[PDB]
Amino acid sequence: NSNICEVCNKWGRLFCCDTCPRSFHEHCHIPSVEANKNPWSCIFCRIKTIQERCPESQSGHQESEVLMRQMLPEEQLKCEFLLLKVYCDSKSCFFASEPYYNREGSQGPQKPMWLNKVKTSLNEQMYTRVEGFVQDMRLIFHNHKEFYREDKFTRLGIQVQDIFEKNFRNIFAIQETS
Ligand SMILES: [Zn+2]
Ligand SMILES: [Zn+2]
Ligand SMILES: [Zn+2]
């Protein structure tokens with residue numbers, strides 16, 4: 001197994017996947033690495049299994065159909081994995097914890113949102129459809145773009161949104177388009 005966390009790329013107290021060489025901090029993995037379970041298989045491995053059990057699940061889908069899906073166990077897992085892919089980028093640090101807004105010439109968003117809040121919401125089964133999770137994720141970046149206006153820091157929101165959107169299209173097998 002790897003000697004660094006797959007998510008944050010640091011060493012420490014690491015839990016190793018039994019079916020692949022990846023390793024994780026307890027609260028870096030999503031869901032948090034389970035207490036017992038021998039063997040244990042990481043989220044990467046669990047997602048690969050879904051694909052292998054239903055190869056047709058990789059055929060293209062429309063975003064509007066994906067969003068309306070209920071959060072059954074496979075969709076819960078896919079949203080957890082998508083959230084984890086965002087944490088995998090170091091620039092997610094800017095979006096992880098609760099933000100505050102005091103900048104001359106700007107007013108904070110009406111509905112603040114942050115990655116750890118989405119993480120708690122998934123853990124607490126607060127989303128009934130994929131649409132609820134995707135709307136909160138996109139709101140993070142939209143709030144950032146609106147608040148930072150012409151400051152070059154706006155670009156951090158564009159960058160992390162692009163990581164979210166590419167992974168969304170991959171994980172939910174969105175139909176490729178020009
Ligand atoms: Zn970690
Ligand atoms: Zn694994
Ligand atoms: Zn099948």
# chains A, B, ... in the order shown; residues from 1 in each chain; ligands from 1
$ residues_around --residues "region 63-71 of chain A" --least-positions-apart "3" --cutoff "6 Å" --atoms "only C-alpha atoms" --output "ChimeraX atom specification"
/A:75-76,128-131
$ residues_near_ligand --ligand "ligand 1" --cutoff "6 Å" --atoms "only C-alpha atoms and all ligand atoms" --output "MDAnalysis selection string"
chainID A and resid 5 7:8 10 24:25 28
$ residues_around --residues "residue 112 (chain A)" --least-positions-apart "3" --cutoff "8 Å" --atoms "only C-alpha atoms" --output "list in words"
residues 98, 99, 108, 109, 140 and 143 of chain A
$ closest_residue --among "A:88, A:83, A:156, A:77" --to "residue 137 (chain A)" --atoms "only C-alpha atoms"
A:83
$ select_by_dssp --residues "chain A" --states "helix (DSSP H, G or I)" --output "PyMOL selection string"
chain A and resi 43-53+55-58+63-68+73-87+90-96+115-123+130-148+154-171
$ write_last_selection --atoms "C-alpha atoms" --output "PDB file, in the first residue's frame"
ATOM      1  CA  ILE A  43     -14.560   3.981  -2.103  1.00  0.00           C
ATOM      2  CA  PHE A  44     -12.480   3.729  -5.306  1.00  0.00           C
ATOM      3  CA  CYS A  45     -12.813  -0.034  -5.165  1.00  0.00           C
ATOM      4  CA  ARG A  46     -16.532   0.120  -4.322  1.00  0.00           C
ATOM      5  CA  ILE A  47     -17.209   2.384  -7.279  1.00  0.00           C
ATOM      6  CA  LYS A  48     -15.228   0.103  -9.613  1.00  0.00           C
ATOM      7  CA  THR A  49     -17.392  -2.845  -8.399  1.00  0.00           C
ATOM      8  CA  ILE A  50     -20.661  -1.045  -9.340  1.00  0.00           C
ATOM      9  CA  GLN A  51     -19.285  -0.459 -12.797  1.00  0.00           C
ATOM     10  CA  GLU A  52     -18.173  -4.111 -13.155  1.00  0.00           C
ATOM     11  CA  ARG A  53     -21.489  -5.498 -11.981  1.00  0.00           C
ATOM     12  CA  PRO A  55     -21.236  -2.482 -17.459  1.00  0.00           C
ATOM     13  CA  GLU A  56     -24.127  -0.650 -19.160  1.00  0.00           C
ATOM     14  CA  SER A  57     -23.993   1.867 -16.292  1.00  0.00           C
ATOM     15  CA  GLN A  58     -21.152   3.501 -18.278  1.00  0.00           C
ATOM     16  CA  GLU A  63     -27.743  15.303 -16.625  1.00  0.00           C
ATOM     17  CA  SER A  64     -31.422  16.036 -16.100  1.00  0.00           C
ATOM     18  CA  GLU A  65     -32.170  12.312 -15.548  1.00  0.00           C
ATOM     19  CA  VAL A  66     -29.176  11.899 -13.212  1.00  0.00           C
ATOM     20  CA  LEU A  67     -30.226  14.856 -11.052  1.00  0.00           C
ATOM     21  CA  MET A  68     -33.696  13.443 -10.518  1.00  0.00           C
ATOM     22  CA  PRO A  73     -27.282   3.403  -1.766  1.00  0.00           C
ATOM     23  CA  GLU A  74     -25.468   3.457  -5.181  1.00  0.00           C
ATOM     24  CA  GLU A  75     -26.205   7.151  -5.761  1.00  0.00           C
ATOM     25  CA  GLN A  76     -25.260   7.998  -2.142  1.00  0.00           C
ATOM     26  CA  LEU A  77     -21.925   6.274  -2.793  1.00  0.00           C
ATOM     27  CA  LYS A  78     -21.385   8.070  -6.137  1.00  0.00           C
ATOM     28  CA  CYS A  79     -22.002  11.481  -4.434  1.00  0.00           C
ATOM     29  CA  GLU A  80     -19.605  10.567  -1.610  1.00  0.00           C
ATOM     30  CA  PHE A  81     -16.951   9.657  -4.201  1.00  0.00           C
ATOM     31  CA  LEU A  82     -17.523  12.921  -6.163  1.00  0.00           C
ATOM     32  CA  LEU A  83     -17.170  14.915  -2.930  1.00  0.00           C
ATOM     33  CA  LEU A  84     -13.950  13.021  -2.161  1.00  0.00           C
ATOM     34  CA  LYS A  85     -12.549  13.790  -5.648  1.00  0.00           C
ATOM     35  CA  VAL A  86     -12.992  17.505  -4.861  1.00  0.00           C
ATOM     36  CA  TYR A  87     -11.139  17.137  -1.521  1.00  0.00           C
ATOM     37  CA  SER A  90      -5.358  20.914  -2.725  1.00  0.00           C
ATOM     38  CA  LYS A  91      -7.295  23.995  -3.707  1.00  0.00           C
ATOM     39  CA  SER A  92     -10.336  22.526  -1.907  1.00  0.00           C
ATOM     40  CA  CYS A  93      -8.886  24.040   1.264  1.00  0.00           C
ATOM     41  CA  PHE A  94     -10.406  27.361   0.355  1.00  0.00           C
ATOM     42  CA  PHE A  95     -13.903  25.831   0.231  1.00  0.00           C
ATOM     43  CA  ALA A  96     -13.718  23.323   3.103  1.00  0.00           C
ATOM     44  CA  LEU A 115     -17.524  21.356   1.597  1.00  0.00           C
ATOM     45  CA  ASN A 116     -17.631  20.208   5.228  1.00  0.00           C
ATOM     46  CA  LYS A 117     -21.330  21.211   5.368  1.00  0.00           C
ATOM     47  CA  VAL A 118     -22.007  19.037   2.281  1.00  0.00           C
ATOM     48  CA  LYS A 119     -20.016  16.277   3.916  1.00  0.00           C
ATOM     49  CA  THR A 120     -22.165  16.446   7.101  1.00  0.00           C
ATOM     50  CA  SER A 121     -25.314  16.587   4.980  1.00  0.00           C
ATOM     51  CA  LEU A 122     -24.352  13.394   3.132  1.00  0.00           C
ATOM     52  CA  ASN A 123     -23.420  11.624   6.363  1.00  0.00           C
ATOM     53  CA  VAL A 130     -28.774  13.680  -6.524  1.00  0.00           C
ATOM     54  CA  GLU A 131     -30.022  17.196  -7.458  1.00  0.00           C
ATOM     55  CA  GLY A 132     -29.756  18.345  -3.750  1.00  0.00           C
ATOM     56  CA  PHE A 133     -26.123  17.414  -3.516  1.00  0.00           C
ATOM     57  CA  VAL A 134     -25.179  18.849  -6.915  1.00  0.00           C
ATOM     58  CA  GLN A 135     -27.034  22.116  -6.227  1.00  0.00           C
ATOM     59  CA  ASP A 136     -25.128  22.646  -2.922  1.00  0.00           C
ATOM     60  CA  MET A 137     -21.805  21.814  -4.610  1.00  0.00           C
ATOM     61  CA  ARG A 138     -22.393  24.265  -7.465  1.00  0.00           C
ATOM     62  CA  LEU A 139     -23.537  26.918  -4.963  1.00  0.00           C
ATOM     63  CA  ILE A 140     -20.139  26.846  -3.276  1.00  0.00           C
ATOM     64  CA  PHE A 141     -18.455  28.032  -6.492  1.00  0.00           C
ATOM     65  CA  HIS A 142     -21.218  30.381  -7.566  1.00  0.00           C
ATOM     66  CA  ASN A 143     -21.121  32.200  -4.161  1.00  0.00           C
ATOM     67  CA  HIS A 144     -17.357  32.579  -4.540  1.00  0.00           C
ATOM     68  CA  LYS A 145     -17.533  34.031  -8.056  1.00  0.00           C
ATOM     69  CA  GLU A 146     -20.159  36.501  -7.092  1.00  0.00           C
ATOM     70  CA  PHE A 147     -18.463  37.702  -3.863  1.00  0.00           C
ATOM     71  CA  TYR A 148     -14.887  38.089  -5.281  1.00  0.00           C
ATOM     72  CA  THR A 154     -12.284  34.415  -8.299  1.00  0.00           C
ATOM     73  CA  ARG A 155     -10.248  32.004 -10.358  1.00  0.00           C
ATOM     74  CA  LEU A 156      -9.944  29.563  -7.462  1.00  0.00           C
ATOM     75  CA  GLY A 157     -13.731  28.988  -7.737  1.00  0.00           C
ATOM     76  CA  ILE A 158     -13.444  28.338 -11.471  1.00  0.00           C
ATOM     77  CA  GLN A 159     -10.630  25.902 -10.959  1.00  0.00           C
ATOM     78  CA  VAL A 160     -12.292  23.826  -8.269  1.00  0.00           C
ATOM     79  CA  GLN A 161     -15.646  23.900 -10.076  1.00  0.00           C
ATOM     80  CA  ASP A 162     -13.932  22.484 -13.140  1.00  0.00           C
ATOM     81  CA  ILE A 163     -12.603  19.539 -10.993  1.00  0.00           C
ATOM     82  CA  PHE A 164     -16.144  18.987  -9.669  1.00  0.00           C
ATOM     83  CA  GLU A 165     -17.763  19.113 -13.147  1.00  0.00           C
ATOM     84  CA  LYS A 166     -15.203  16.751 -14.845  1.00  0.00           C
ATOM     85  CA  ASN A 167     -15.614  14.256 -12.047  1.00  0.00           C
ATOM     86  CA  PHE A 168     -19.422  14.595 -12.125  1.00  0.00           C
ATOM     87  CA  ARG A 169     -19.438  13.761 -15.852  1.00  0.00           C
ATOM     88  CA  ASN A 170     -17.116  10.755 -15.233  1.00  0.00           C
ATOM     89  CA  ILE A 171     -18.755   9.256 -12.180  1.00  0.00           C
TER      90      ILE A 171
END
$ closest_residue --among "A:31, A:37, A:175, A:153" --to "residue 125 (chain A)" --atoms "only C-alpha atoms"
A:31
$ residues_near_ligand --ligand "ligand 2" --cutoff "7 Å" --atoms "only C-alpha atoms and all ligand atoms" --output "list in words"
residues 17, 18, 19, 20, 21, 22, 41, 42, 43, 44 and 45 of chain A
$ closest_residue --among "A:59, A:9, A:3, A:32" --to "ligand 3" --atoms "only C-alpha atoms and all ligand atoms"
A:59
$ atom_distance --atom1 "CA of residue 27 (chain A)" --atom2 "CA of residue 89 (chain A)"
15.6 Å
$ atom_distance --atom1 "CA of residue 12 (chain A)" --atom2 "CA of residue 33 (chain A)"
14.3 Å
